Structure formats: structure tokens, C-alpha cells
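Trainee: My structure is stored as data.pdb, with PDB, C-alpha atoms.
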```pdb
ATOM      1  CA  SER P   1     -16.536  57.570 -79.760  1.00  0.00           C
ATOM      2  CA  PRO P   2     -16.491  55.023 -76.908  1.00  0.00           C
ATOM      3  CA  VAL P   3     -17.803  51.618 -78.073  1.00  0.00           C
ATOM      4  CA  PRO P   4     -19.306  49.664 -75.133  1.00  0.00           C
ATOM      5  CA  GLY P   5     -19.781  45.891 -75.117  1.00  0.00           C
ATOM      6  CA  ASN P   6     -21.413  43.812 -72.382  1.00  0.00           C
ATOM      7  CA  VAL P   7     -21.934  45.090 -68.861  1.00  0.00           C
ATOM      8  CA  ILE P   8     -19.328  43.660 -66.504  1.00  0.00           C
ATOM      9  CA  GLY P   9     -19.763  45.889 -63.455  1.00  0.00           C
ATOM     10  CA  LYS P  10     -22.367  48.089 -61.793  1.00  0.00           C
ATOM     11  CA  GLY P  11     -21.731  50.796 -59.192  1.00  0.00           C
ATOM     12  CA  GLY P  12     -23.552  53.675 -57.500  1.00  0.00           C
ATOM     13  CA  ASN P  13     -22.172  56.198 -59.985  1.00  0.00           C
ATOM     14  CA  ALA P  14     -21.310  54.172 -63.049  1.00  0.00           C
ATOM     15  CA  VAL P  15     -21.811  51.215 -65.313  1.00  0.00           C
ATOM     16  CA  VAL P  16     -18.691  49.368 -66.460  1.00  0.00           C
ATOM     17  CA  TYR P  17     -18.691  47.869 -69.973  1.00  0.00           C
ATOM     18  CA  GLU P  18     -16.153  45.985 -72.063  1.00  0.00           C
ATOM     19  CA  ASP P  19     -14.362  48.258 -74.478  1.00  0.00           C
ATOM     20  CA  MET P  20     -15.115  46.711 -77.866  1.00  0.00           C
ATOM     21  CA  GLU P  21     -12.150  48.527 -79.361  1.00  0.00           C
ATOM     22  CA  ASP P  22      -9.636  47.009 -76.886  1.00  0.00           C
ATOM     23  CA  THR P  23      -9.691  43.650 -75.072  1.00  0.00           C
ATOM     24  CA  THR P  24      -7.376  44.999 -72.368  1.00  0.00           C
ATOM     25  CA  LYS P  25      -9.652  47.904 -71.385  1.00  0.00           C
ATOM     26  CA  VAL P  26     -13.062  48.537 -69.832  1.00  0.00           C
ATOM     27  CA  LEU P  27     -15.310  51.634 -70.060  1.00  0.00           C
ATOM     28  CA  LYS P  28     -16.533  53.039 -66.763  1.00  0.00           C
ATOM     29  CA  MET P  29     -19.427  55.215 -67.928  1.00  0.00           C
ATOM     30  CA  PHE P  30     -20.821  57.618 -65.346  1.00  0.00           C
ATOM     31  CA  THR P  31     -24.589  57.593 -64.875  1.00  0.00           C
ATOM     32  CA  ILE P  32     -24.477  61.120 -63.448  1.00  0.00           C
ATOM     33  CA  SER P  33     -21.919  63.969 -63.451  1.00  0.00           C
ATOM     34  CA  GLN P  34     -18.964  63.613 -61.083  1.00  0.00           C
ATOM     35  CA  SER P  35     -16.984  66.393 -59.421  1.00  0.00           C
ATOM     36  CA  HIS P  36     -13.635  67.118 -61.083  1.00  0.00           C
ATOM     37  CA  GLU P  37     -11.704  66.123 -57.967  1.00  0.00           C
ATOM     38  CA  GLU P  38     -13.462  62.735 -57.990  1.00  0.00           C
ATOM     39  CA  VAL P  39     -12.666  62.005 -61.630  1.00  0.00           C
ATOM     40  CA  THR P  40      -9.114  63.332 -61.404  1.00  0.00           C
ATOM     41  CA  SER P  41      -8.265  61.435 -58.247  1.00  0.00           C
ATOM     42  CA  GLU P  42      -9.726  58.201 -59.597  1.00  0.00           C
ATOM     43  CA  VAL P  43      -7.585  58.476 -62.712  1.00  0.00           C
ATOM     44  CA  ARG P  44      -4.482  59.471 -60.729  1.00  0.00           C
ATOM     45  CA  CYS P  45      -4.769  56.683 -58.081  1.00  0.00           C
ATOM     46  CA  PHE P  46      -5.296  54.096 -60.808  1.00  0.00           C
ATOM     47  CA  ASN P  47      -2.288  55.266 -62.806  1.00  0.00           C
ATOM     48  CA  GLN P  48      -0.204  55.430 -59.638  1.00  0.00           C
ATOM     49  CA  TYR P  49      -1.076  51.851 -58.668  1.00  0.00           C
ATOM     50  CA  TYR P  50      -1.320  50.084 -62.037  1.00  0.00           C
ATOM     51  CA  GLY P  51       1.156  52.188 -64.021  1.00  0.00           C
ATOM     52  CA  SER P  52       0.959  55.221 -66.336  1.00  0.00           C
ATOM     53  CA  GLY P  53      -1.489  54.841 -69.230  1.00  0.00           C
ATOM     54  CA  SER P  54      -3.716  52.602 -67.084  1.00  0.00           C
ATOM     55  CA  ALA P  55      -6.590  55.102 -66.929  1.00  0.00           C
ATOM     56  CA  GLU P  56      -7.677  58.073 -69.036  1.00  0.00           C
ATOM     57  CA  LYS P  57     -10.791  60.277 -69.129  1.00  0.00           C
ATOM     58  CA  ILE P  58     -13.404  59.874 -71.847  1.00  0.00           C
ATOM     59  CA  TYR P  59     -14.765  63.157 -73.268  1.00  0.00           C
ATOM     60  CA  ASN P  60     -17.846  63.969 -75.352  1.00  0.00           C
ATOM     61  CA  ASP P  61     -18.153  66.700 -78.016  1.00  0.00           C
ATOM     62  CA  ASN P  62     -18.937  69.536 -75.594  1.00  0.00           C
ATOM     63  CA  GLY P  63     -15.775  68.546 -73.712  1.00  0.00           C
ATOM     64  CA  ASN P  64     -17.513  67.036 -70.688  1.00  0.00           C
ATOM     65  CA  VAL P  65     -16.110  63.995 -68.888  1.00  0.00           C
ATOM     66  CA  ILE P  66     -18.529  61.108 -69.476  1.00  0.00           C
ATOM     67  CA  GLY P  67     -16.320  58.252 -68.312  1.00  0.00           C
ATOM     68  CA  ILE P  68     -12.940  56.594 -67.761  1.00  0.00           C
ATOM     69  CA  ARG P  69     -11.270  54.073 -70.058  1.00  0.00           C
ATOM     70  CA  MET P  70      -9.277  51.773 -67.720  1.00  0.00           C
ATOM     71  CA  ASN P  71      -7.316  48.509 -67.722  1.00  0.00           C
ATOM     72  CA  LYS P  72      -9.302  45.327 -67.168  1.00  0.00           C
ATOM     73  CA  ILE P  73      -8.006  43.836 -63.936  1.00  0.00           C
ATOM     74  CA  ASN P  74      -6.944  40.190 -63.488  1.00  0.00           C
ATOM     75  CA  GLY P  75      -8.336  37.860 -60.841  1.00  0.00           C
ATOM     76  CA  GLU P  76     -11.646  36.684 -59.399  1.00  0.00           C
ATOM     77  CA  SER P  77     -13.810  38.423 -56.817  1.00  0.00           C
ATOM     78  CA  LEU P  78     -12.713  37.646 -53.275  1.00  0.00           C
ATOM     79  CA  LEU P  79     -16.444  37.276 -52.461  1.00  0.00           C
ATOM     80  CA  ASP P  80     -16.550  34.155 -54.642  1.00  0.00           C
ATOM     81  CA  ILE P  81     -13.454  32.543 -53.054  1.00  0.00           C
ATOM     82  CA  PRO P  82     -14.219  30.590 -49.873  1.00  0.00           C
ATOM     83  CA  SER P  83     -10.650  29.447 -49.401  1.00  0.00           C
ATOM     84  CA  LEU P  84      -7.152  30.858 -49.886  1.00  0.00           C
ATOM     85  CA  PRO P  85      -3.662  29.294 -49.728  1.00  0.00           C
ATOM     86  CA  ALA P  86      -1.268  30.199 -46.905  1.00  0.00           C
ATOM     87  CA  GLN P  87       0.799  32.229 -49.386  1.00  0.00           C
ATOM     88  CA  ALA P  88      -2.066  34.719 -49.896  1.00  0.00           C
ATOM     89  CA  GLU P  89      -1.219  36.220 -46.516  1.00  0.00           C
ATOM     90  CA  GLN P  90       1.952  37.832 -47.834  1.00  0.00           C
ATOM     91  CA  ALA P  91      -0.009  38.852 -50.950  1.00  0.00           C
ATOM     92  CA  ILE P  92      -2.476  41.063 -49.039  1.00  0.00           C
ATOM     93  CA  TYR P  93       0.451  42.788 -47.235  1.00  0.00           C
ATOM     94  CA  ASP P  94       2.161  43.341 -50.618  1.00  0.00           C
ATOM     95  CA  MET P  95      -0.980  45.076 -51.944  1.00  0.00           C
ATOM     96  CA  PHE P  96      -1.173  47.363 -48.935  1.00  0.00           C
ATOM     97  CA  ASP P  97       2.570  48.097 -49.032  1.00  0.00           C
ATOM     98  CA  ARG P  98       2.363  49.027 -52.712  1.00  0.00           C
ATOM     99  CA  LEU P  99      -0.573  51.381 -52.018  1.00  0.00           C
ATOM    100  CA  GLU P 100       1.059  53.001 -48.971  1.00  0.00           C
ATOM    101  CA  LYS P 101       4.322  53.443 -50.870  1.00  0.00           C
ATOM    102  CA  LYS P 102       2.436  55.679 -53.321  1.00  0.00           C
ATOM    103  CA  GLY P 103       0.922  57.657 -50.450  1.00  0.00           C
ATOM    104  CA  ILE P 104      -2.520  56.193 -51.118  1.00  0.00           C
ATOM    105  CA  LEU P 105      -4.635  55.532 -48.022  1.00  0.00           C
ATOM    106  CA  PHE P 106      -6.960  52.878 -49.481  1.00  0.00           C
ATOM    107  CA  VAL P 107     -10.549  53.647 -48.483  1.00  0.00           C
ATOM    108  CA  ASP P 108     -12.761  50.845 -49.753  1.00  0.00           C
ATOM    109  CA  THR P 109     -11.281  47.760 -48.144  1.00  0.00           C
ATOM    110  CA  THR P 110     -14.430  45.620 -48.585  1.00  0.00           C
ATOM    111  CA  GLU P 111     -14.319  42.096 -50.051  1.00  0.00           C
ATOM    112  CA  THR P 112     -16.368  43.425 -52.973  1.00  0.00           C
ATOM    113  CA  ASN P 113     -13.571  45.811 -53.983  1.00  0.00           C
ATOM    114  CA  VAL P 114     -10.707  43.346 -54.359  1.00  0.00           C
ATOM    115  CA  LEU P 115      -9.766  40.645 -56.878  1.00  0.00           C
ATOM    116  CA  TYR P 116      -7.488  37.691 -56.184  1.00  0.00           C
ATOM    117  CA  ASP P 117      -5.411  36.201 -58.965  1.00  0.00           C
ATOM    118  CA  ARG P 118      -4.494  32.742 -57.689  1.00  0.00           C
ATOM    119  CA  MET P 119      -2.009  32.007 -60.407  1.00  0.00           C
ATOM    120  CA  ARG P 120       0.112  35.072 -59.664  1.00  0.00           C
ATOM    121  CA  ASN P 121      -0.832  35.098 -55.982  1.00  0.00           C
ATOM    122  CA  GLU P 122      -1.737  38.774 -56.031  1.00  0.00           C
ATOM    123  CA  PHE P 123      -4.613  40.866 -54.828  1.00  0.00           C
ATOM    124  CA  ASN P 124      -5.792  43.635 -57.106  1.00  0.00           C
ATOM    125  CA  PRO P 125      -8.012  46.489 -55.853  1.00  0.00           C
ATOM    126  CA  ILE P 126     -10.762  47.549 -58.236  1.00  0.00           C
ATOM    127  CA  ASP P 127     -11.899  51.013 -57.199  1.00  0.00           C
ATOM    128  CA  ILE P 128      -8.978  52.912 -55.728  1.00  0.00           C
ATOM    129  CA  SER P 129      -9.465  56.102 -53.748  1.00  0.00           C
ATOM    130  CA  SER P 130      -7.655  57.588 -50.785  1.00  0.00           C
ATOM    131  CA  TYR P 131      -8.589  59.387 -47.604  1.00  0.00           C
ATOM    132  CA  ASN P 132      -7.780  63.095 -47.850  1.00  0.00           C
ATOM    133  CA  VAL P 133      -6.690  65.095 -44.855  1.00  0.00           C
ATOM    134  CA  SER P 134      -8.663  68.337 -44.688  1.00  0.00           C
ATOM    135  CA  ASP P 135      -9.599  71.099 -42.250  1.00  0.00           C
ATOM    136  CA  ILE P 136     -12.114  69.881 -39.614  1.00  0.00           C
ATOM    137  CA  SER P 137     -13.805  67.209 -41.800  1.00  0.00           C
ATOM    138  CA  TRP P 138     -10.851  64.791 -42.017  1.00  0.00           C
ATOM    139  CA  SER P 139      -7.919  65.330 -39.656  1.00  0.00           C
ATOM    140  CA  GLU P 140      -4.719  63.304 -39.819  1.00  0.00           C
ATOM    141  CA  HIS P 141      -5.850  61.444 -36.717  1.00  0.00           C
ATOM    142  CA  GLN P 142      -9.313  60.618 -38.082  1.00  0.00           C
ATOM    143  CA  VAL P 143      -7.805  59.504 -41.354  1.00  0.00           C
ATOM    144  CA  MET P 144      -5.175  57.296 -39.705  1.00  0.00           C
ATOM    145  CA  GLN P 145      -7.756  55.603 -37.474  1.00  0.00           C
ATOM    146  CA  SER P 146     -10.204  55.029 -40.328  1.00  0.00           C
ATOM    147  CA  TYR P 147      -7.520  53.821 -42.682  1.00  0.00           C
ATOM    148  CA  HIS P 148      -6.000  51.497 -40.110  1.00  0.00           C
ATOM    149  CA  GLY P 149      -9.381  49.975 -39.227  1.00  0.00           C
ATOM    150  CA  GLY P 150     -10.193  49.199 -42.852  1.00  0.00           C
ATOM    151  CA  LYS P 151      -6.780  47.654 -43.392  1.00  0.00           C
ATOM    152  CA  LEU P 152      -7.026  45.408 -40.345  1.00  0.00           C
ATOM    153  CA  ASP P 153     -10.543  44.437 -41.459  1.00  0.00           C
ATOM    154  CA  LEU P 154      -9.572  43.352 -44.979  1.00  0.00           C
ATOM    155  CA  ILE P 155      -6.450  41.542 -43.736  1.00  0.00           C
ATOM    156  CA  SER P 156      -8.735  39.793 -41.233  1.00  0.00           C
ATOM    157  CA  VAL P 157     -11.012  38.634 -44.028  1.00  0.00           C
ATOM    158  CA  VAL P 158      -8.039  37.227 -45.945  1.00  0.00           C
ATOM    159  CA  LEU P 159      -6.618  35.387 -42.920  1.00  0.00           C
ATOM    160  CA  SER P 160     -10.034  33.901 -42.124  1.00  0.00           C
ATOM    161  CA  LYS P 161     -10.066  32.246 -45.544  1.00  0.00           C
ATOM    162  CA  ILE P 162      -6.643  30.678 -45.160  1.00  0.00           C
TER     163      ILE P 162
END
```
Any chance you could put this one into C-alpha cells?
Mentor:
Amino acid sequence: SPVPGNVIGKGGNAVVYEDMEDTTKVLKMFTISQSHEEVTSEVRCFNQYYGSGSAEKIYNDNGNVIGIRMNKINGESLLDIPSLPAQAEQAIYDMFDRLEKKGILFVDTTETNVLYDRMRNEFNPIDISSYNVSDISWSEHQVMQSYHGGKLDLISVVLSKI
């Protein structure tokens, strides 16, 4: 029922293909079974940030989750952009403000996980997940310190390129 085109992304848990039934979507097909909380929170974070209808689960016959059909995101990898305009500074703050406003504590703040769209001057995160405060493993303090560090680090990368 999903119709995959060319590979456009590889990850530790998934291969991302064009959706041949819809130019605006991609198919993130899991290479091994994910926990329900992982799938659900990926879909939720993506819909929260990009808008409702932006991500949905793909099911097989047995009713297992085999993937996520998601919006293709605009922009080019920040890895491939040596140099940014001064105005990109406010753009990386805007991204973080939009995430925080939703109560998402963006985890993966690496250069690999962000796209920059120079025409619109916006940064778009690719894989969105949040820290989750829990008993003993992740306290509010640990989360805040980790989140803050990753935010400063990505902002630092952006400012270095300006």
C-alpha cells in the first residue's frame, strides 16, 4: 500500500523514500520494530511543529506500524552550507522559539538534523523528538541542562557560519 521511490535519507532505524503517490510526502520505513511511544511521539512532535496532517502512521495488513508518511521538508542540509547571511541568526532563534512554544525540548541539535531554506530564511528540523522528564533517569534539572547545552551548541554553529 505504500509506494516507495528513490532513497533520500538513511537513519539508524529507518530508510526514507520518496512517496511515489504524493510529491509533497516522504515514506520513513522502519528497518526494525519501534516502541509505540517512539512512533507516537515522532508523529505528534512532527504534527505539532509542522501542522496537523503533517505525519501519519503507515500500517500493514496485520495492523503493525511499518512506517510514517510525512511532509517533505524544504531547505538544504546545514552541513553543506559553509556560509550564512546575518539574517539567519534571527531564524535559528525563531525555530527554537517555535519548538519551545509547543513544549518540545528539541533533542537532536546536530548540523545533520537541520535544513536551511535560504529563500524563506528559515531553519527546519528534520527528526523532531523531545527530552522527557521521568523518575530518576531524566529529572527536570538533567533535562534542562542537556536541552540548554544542545541549543547553545546549534546556535553556536549557526553564528560561526555568519
Trainee: On this structure, which residues satisfy the PyMOL selection byres ((chain P and resi 16-27) around 7), written as a PyMOL selection string?
Mentor: chain P and resi 3-10+14-15+28-29+67-72
Trainee: Smallest atom-to-atom distance to residue P:49: which of P:33, P:125, P:113, P:120, using only C-alpha atoms?
Mentor: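 Of P:33, P:125, P:113, P:120, the one nearest residue P:49 is P:125, counting only C-alpha atoms.
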Trainee: So that I can see what lies close to residue P:47, please list as a ChimeraX atom specification the residues with an atom at most 12 Å from it, counting all atoms listed in the file and leaving out residues fewer than 5 positions away in the same chain.
Mentor: /P:40-42,52-57,68-71,99,102,104,127-129
Trainee: Work out how far apart atom CA of residue P:82 and atom CA of residue P:160 are and give it in Å to one decimal.
Mentor: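 Atom-to-atom, atom CA of residue P:82 and atom CA of residue P:160 are spaced 9.4 Å apart.
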Trainee: Just the residues within 12 Å of residue P:153, please, counting only C-alpha atoms, with nothing from its chain fewer than 2 positions along; format it as a PDB file with C-alpha atoms, in the coordinates of the input.
Mentor:
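Writing done, so here's around00.pdb:
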```pdb
ATOM      1  CA  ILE P  92      -2.476  41.063 -49.039  1.00  0.00           C
ATOM      2  CA  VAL P 107     -10.549  53.647 -48.483  1.00  0.00           C
ATOM      3  CA  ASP P 108     -12.761  50.845 -49.753  1.00  0.00           C
ATOM      4  CA  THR P 109     -11.281  47.760 -48.144  1.00  0.00           C
ATOM      5  CA  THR P 110     -14.430  45.620 -48.585  1.00  0.00           C
ATOM      6  CA  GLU P 111     -14.319  42.096 -50.051  1.00  0.00           C
ATOM      7  CA  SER P 146     -10.204  55.029 -40.328  1.00  0.00           C
ATOM      8  CA  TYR P 147      -7.520  53.821 -42.682  1.00  0.00           C
ATOM      9  CA  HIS P 148      -6.000  51.497 -40.110  1.00  0.00           C
ATOM     10  CA  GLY P 149      -9.381  49.975 -39.227  1.00  0.00           C
ATOM     11  CA  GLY P 150     -10.193  49.199 -42.852  1.00  0.00           C
ATOM     12  CA  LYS P 151      -6.780  47.654 -43.392  1.00  0.00           C
ATOM     13  CA  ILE P 155      -6.450  41.542 -43.736  1.00  0.00           C
ATOM     14  CA  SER P 156      -8.735  39.793 -41.233  1.00  0.00           C
ATOM     15  CA  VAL P 157     -11.012  38.634 -44.028  1.00  0.00           C
ATOM     16  CA  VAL P 158      -8.039  37.227 -45.945  1.00  0.00           C
ATOM     17  CA  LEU P 159      -6.618  35.387 -42.920  1.00  0.00           C
ATOM     18  CA  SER P 160     -10.034  33.901 -42.124  1.00  0.00           C
TER      19      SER P 160
END
```
Trainee: To one decimal place, how far is atom CA of residue P:46 from atom CA of residue P:121 in Å?
Mentor: 20.1 Å
Trainee: Which value, in Å to one decimal, gives the distance between atom CA of residue P:144 and atom CA of residue P:103?
Mentor: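 Straight-line distance from atom CA of residue P:144 to atom CA of residue P:103 works out to 12.4 Å.
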Trainee: Can you translate the PyMOL selection byres ((chain P and resi 83) around 8) into the concrete residues it hits in this file, as a list in words?
Mentor: residues 81, 82, 84, 85, 161 and 162 of chain P
Trainee: For stretch 21-47 of chain P, supply N, CA, C and O atoms and format the output as an mmCIF file, in the coordinates of the input.
Mentor:
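For reference, result_34.cif as written:
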```
data_model
loop_
_atom_site.group_PDB
_atom_site.id
_atom_site.type_symbol
_atom_site.label_atom_id
_atom_site.label_comp_id
_atom_site.auth_asym_id
_atom_site.auth_seq_id
_atom_site.Cartn_x
_atom_site.Cartn_y
_atom_site.Cartn_z
ATOM 1 N N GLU P 21 -13.301 48.159 -78.557
ATOM 2 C CA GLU P 21 -12.150 48.527 -79.361
ATOM 3 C C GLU P 21 -10.828 48.016 -78.762
ATOM 4 O O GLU P 21 -9.783 48.112 -79.402
ATOM 5 N N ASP P 22 -10.868 47.449 -77.553
ATOM 6 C CA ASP P 22 -9.636 47.009 -76.886
ATOM 7 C C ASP P 22 -9.894 46.003 -75.763
ATOM 8 O O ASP P 22 -10.389 46.358 -74.685
ATOM 9 N N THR P 23 -9.505 44.759 -76.016
ATOM 10 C CA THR P 23 -9.691 43.650 -75.072
ATOM 11 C C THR P 23 -9.094 43.913 -73.697
ATOM 12 O O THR P 23 -9.579 43.372 -72.701
ATOM 13 N N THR P 24 -8.052 44.741 -73.638
ATOM 14 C CA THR P 24 -7.376 44.999 -72.368
ATOM 15 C C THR P 24 -8.016 46.105 -71.539
ATOM 16 O O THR P 24 -7.576 46.349 -70.422
ATOM 17 N N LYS P 25 -9.035 46.776 -72.077
ATOM 18 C CA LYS P 25 -9.652 47.904 -71.385
ATOM 19 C C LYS P 25 -11.121 47.663 -71.051
ATOM 20 O O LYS P 25 -11.778 46.818 -71.665
ATOM 21 N N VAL P 26 -11.625 48.426 -70.085
ATOM 22 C CA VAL P 26 -13.062 48.537 -69.832
ATOM 23 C C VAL P 26 -13.487 50.019 -69.898
ATOM 24 O O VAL P 26 -12.649 50.915 -69.870
ATOM 25 N N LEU P 27 -14.790 50.269 -69.987
ATOM 26 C CA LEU P 27 -15.310 51.634 -70.060
ATOM 27 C C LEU P 27 -16.194 51.861 -68.852
ATOM 28 O O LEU P 27 -17.250 51.236 -68.717
ATOM 29 N N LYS P 28 -15.743 52.713 -67.943
ATOM 30 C CA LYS P 28 -16.533 53.039 -66.763
ATOM 31 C C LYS P 28 -17.327 54.274 -67.141
ATOM 32 O O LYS P 28 -16.762 55.359 -67.209
ATOM 33 N N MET P 29 -18.614 54.106 -67.425
ATOM 34 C CA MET P 29 -19.427 55.215 -67.928
ATOM 35 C C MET P 29 -20.288 55.772 -66.808
ATOM 36 O O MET P 29 -21.117 55.048 -66.244
ATOM 37 N N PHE P 30 -20.097 57.045 -66.473
ATOM 38 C CA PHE P 30 -20.821 57.618 -65.346
ATOM 39 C C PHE P 30 -22.303 57.774 -65.671
ATOM 40 O O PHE P 30 -22.672 58.148 -66.787
ATOM 41 N N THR P 31 -23.149 57.493 -64.688
ATOM 42 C CA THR P 31 -24.589 57.593 -64.875
ATOM 43 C C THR P 31 -25.072 58.977 -64.479
ATOM 44 O O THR P 31 -26.208 59.342 -64.752
ATOM 45 N N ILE P 32 -24.195 59.737 -63.825
ATOM 46 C CA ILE P 32 -24.477 61.120 -63.448
ATOM 47 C C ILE P 32 -23.150 61.863 -63.261
ATOM 48 O O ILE P 32 -22.127 61.246 -62.950
ATOM 49 N N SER P 33 -23.160 63.179 -63.456
ATOM 50 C CA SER P 33 -21.919 63.969 -63.451
ATOM 51 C C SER P 33 -21.146 63.892 -62.140
ATOM 52 O O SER P 33 -21.714 64.062 -61.060
ATOM 53 N N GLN P 34 -19.843 63.652 -62.243
ATOM 54 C CA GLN P 34 -18.964 63.613 -61.083
ATOM 55 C C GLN P 34 -18.260 64.950 -60.895
ATOM 56 O O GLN P 34 -18.090 65.698 -61.851
ATOM 57 N N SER P 35 -17.829 65.234 -59.670
ATOM 58 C CA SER P 35 -16.984 66.393 -59.421
ATOM 59 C C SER P 35 -15.644 66.152 -60.110
ATOM 60 O O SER P 35 -15.279 65.002 -60.364
ATOM 61 N N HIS P 36 -14.919 67.231 -60.408
ATOM 62 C CA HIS P 36 -13.635 67.118 -61.083
ATOM 63 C C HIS P 36 -12.607 66.449 -60.190
ATOM 64 O O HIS P 36 -11.776 65.685 -60.665
ATOM 65 N N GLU P 37 -12.643 66.753 -58.900
ATOM 66 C CA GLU P 37 -11.704 66.123 -57.967
ATOM 67 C C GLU P 37 -11.916 64.608 -57.883
ATOM 68 O O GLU P 37 -10.953 63.846 -57.752
ATOM 69 N N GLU P 38 -13.167 64.168 -57.989
ATOM 70 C CA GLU P 38 -13.462 62.735 -57.990
ATOM 71 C C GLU P 38 -12.896 62.039 -59.220
ATOM 72 O O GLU P 38 -12.260 60.990 -59.116
ATOM 73 N N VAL P 39 -13.142 62.614 -60.392
ATOM 74 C CA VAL P 39 -12.666 62.005 -61.630
ATOM 75 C C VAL P 39 -11.140 62.012 -61.637
ATOM 76 O O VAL P 39 -10.503 60.990 -61.885
ATOM 77 N N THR P 40 -10.560 63.173 -61.354
ATOM 78 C CA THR P 40 -9.114 63.332 -61.404
ATOM 79 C C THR P 40 -8.407 62.392 -60.430
ATOM 80 O O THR P 40 -7.409 61.766 -60.774
ATOM 81 N N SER P 41 -8.936 62.265 -59.221
ATOM 82 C CA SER P 41 -8.265 61.435 -58.247
ATOM 83 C C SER P 41 -8.444 59.948 -58.571
ATOM 84 O O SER P 41 -7.547 59.142 -58.326
ATOM 85 N N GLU P 42 -9.586 59.576 -59.139
ATOM 86 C CA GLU P 42 -9.726 58.201 -59.597
ATOM 87 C C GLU P 42 -8.678 57.864 -60.656
ATOM 88 O O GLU P 42 -7.978 56.855 -60.557
ATOM 89 N N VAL P 43 -8.559 58.716 -61.663
ATOM 90 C CA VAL P 43 -7.585 58.476 -62.712
ATOM 91 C C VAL P 43 -6.152 58.426 -62.177
ATOM 92 O O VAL P 43 -5.385 57.501 -62.499
ATOM 93 N N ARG P 44 -5.804 59.404 -61.345
ATOM 94 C CA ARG P 44 -4.482 59.471 -60.729
ATOM 95 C C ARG P 44 -4.145 58.228 -59.879
ATOM 96 O O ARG P 44 -3.122 57.594 -60.103
ATOM 97 N N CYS P 45 -4.996 57.882 -58.914
ATOM 98 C CA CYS P 45 -4.769 56.683 -58.081
ATOM 99 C C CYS P 45 -4.576 55.406 -58.896
ATOM 100 O O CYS P 45 -3.726 54.570 -58.574
ATOM 101 N N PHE P 46 -5.372 55.260 -59.945
ATOM 102 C CA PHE P 46 -5.296 54.096 -60.808
ATOM 103 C C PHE P 46 -3.998 54.065 -61.602
ATOM 104 O O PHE P 46 -3.413 53.003 -61.778
ATOM 105 N N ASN P 47 -3.558 55.218 -62.106
ATOM 106 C CA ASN P 47 -2.288 55.266 -62.806
ATOM 107 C C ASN P 47 -1.114 55.078 -61.865
ATOM 108 O O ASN P 47 -0.120 54.454 -62.230
#
```
